[PDB]
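Fold and contact review
The lines below spell out each chain.
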Amino acid sequence: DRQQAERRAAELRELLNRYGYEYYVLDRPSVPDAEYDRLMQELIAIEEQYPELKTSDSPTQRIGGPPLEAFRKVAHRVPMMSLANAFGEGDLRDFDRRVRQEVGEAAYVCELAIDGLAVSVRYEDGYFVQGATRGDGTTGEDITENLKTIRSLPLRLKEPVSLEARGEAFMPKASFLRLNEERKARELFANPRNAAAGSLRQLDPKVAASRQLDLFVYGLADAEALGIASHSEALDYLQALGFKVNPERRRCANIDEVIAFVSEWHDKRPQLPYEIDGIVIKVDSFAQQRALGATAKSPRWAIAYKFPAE
């Protein structure tokens, strides 16, 4: 058994890891998940008698470990700048005009700005080693055990690389509704943003695990050191490794299409399973970014369109 335990937990780990990618990430259901579940129940039982084989990125970790009675501060690897806000066609034009004066027409990448909790996740050789909140931007809290419960985040990546990436953790609308009712059956959350930040900022891994959190990876700290030369190449790269990258992202040749994208989400937004706050726009090329630089506050190559005032 102890020699065979390892063998089978290792198979177990591989298969479960594989299969969680197709449910949680590609969304090839997560419905009749039987064998998945059968397979998870066997790993859990093997770790029950051989607690020493429960690997830090074993699928078991999504269940969640024991509470912590404290969280540690973490500064740990590259500042997390915040973005300038835009509120109308026009802040948008003005944001492009300083783009053009300095670099000529520049292609943009437009993304949906998710209303959630910003986090950083770090990996070493493919392994998830640490998770943290945005904090003030230079320091945040180690929320690693609660991040392991977000089933779409990978504990082990497709290739053994060492990197740090940034994503937004959120809770889907219907999950938020579900949630609150039971809270009413017994208190009550304001909205998903505070539900997710709430779920991630409490000390008990298992209550995180029960809130059905999700996350969308949106950037790569130090992408230049890894050889990436474009914002669109960063995400793609991130997608090739196994991360969940929001698929409504689109490359925009100029401000006009930028605004066409911005109008398209403004009214297609109610139909989303998650709550979007606006639209983040970035100059795609890392070279135009260098040229525009920053005001060590806010990149001149990025703006955050904040949607309106219902």
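- Deposited coordinates in this entry are attributed by the record to X-ray crystallography, at a stated resolution of 2.8 Å.

- Named according to the PDB entry, the protein is PROTEIN (DNA LIGASE) originating from Geobacillus stearothermophilus.

A word on the side chain of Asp-142
- Inspection of the secondary structure assignment puts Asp-142 in the loop between β6 (140–141) and α4 (144–147).
- Separated by 2.7 Å, the side chains of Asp-142 and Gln-130 make a polar contact.
- When residues no more than four places from it in sequence are discounted, the contact partners of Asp-142 are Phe-71, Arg-72, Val-74, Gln-130, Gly-131 and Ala-132.

Looking at the packing of helix α1 (residues 2–26) against helix α2 (residues 34–49)
- The geometry of α1 relative to α2 is characterised by a closest axis approach of 9 Å and an angle of 140° between their N-to-C directions. The element α1 and its partner α2 pack so that their crossing is left-handed. Here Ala-5, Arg-8, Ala-9, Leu-12, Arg-13, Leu-15, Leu-16, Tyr-19, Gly-20, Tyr-23 and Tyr-24 of α1 lie close against α2, whose contacting residues are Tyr-36, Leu-39, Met-40, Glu-42, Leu-43 and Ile-46.
- Taken together, the residues that form the contact of α1 with α2 break down as 13 nonpolar, one polar and three charged.

Brief notes about the domain arrangement of the protein
- In terms of domain boundaries, the protein breaks down into domain 1 (1–62), domain 2 (82–115 + 245–309) and domain 3 (117–244).
- Taken together, the ten residues of domain 1 in the interface contact 17 residues of domain 3.
- For the pair domain 1 and domain 3, the summed buried surface comes to about 1,200 Å²; carbon and sulfur atoms form 49% of the total.
- When the buried area of domain 1 at its contact with domain 3 is split by residue, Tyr-24, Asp-57 and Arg-62 rank highest and sum to 62% of it.
- The interface formed by domain 1 and domain 3 holds zero salt bridges in total.

Criteria and thresholds
- Residues numbered from 1 in each chain as written, not as in the entry; some residues may be left out.
- Heavy atoms only, no water.
- Helix = DSSP H or I, 4+ residues; strand = E, 2+ residues; numbered from the N terminus.
- Polar contact = N/O pair within 3.5 Å; in protein donor to acceptor, adjacent residues only side chain to side chain.
- Contact = heavy atoms within 4.5 Å.
- Axes fitted to C-alpha atoms, helices over the stretch in contact; angles between N-to-C directions.
- Left-handed = near helix turned anticlockwise from the far one by under 90°.
- Nonpolar A, V, L, I, M, F, W, Y, C, P; charged D, E, K, R; others polar.
- Domains from an automatic or database assignment.
- Buried area = accessible area lost by both parts, 1.4 Å probe.
- Salt bridge = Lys/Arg side-chain N within 4 Å of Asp/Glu carboxyl O.

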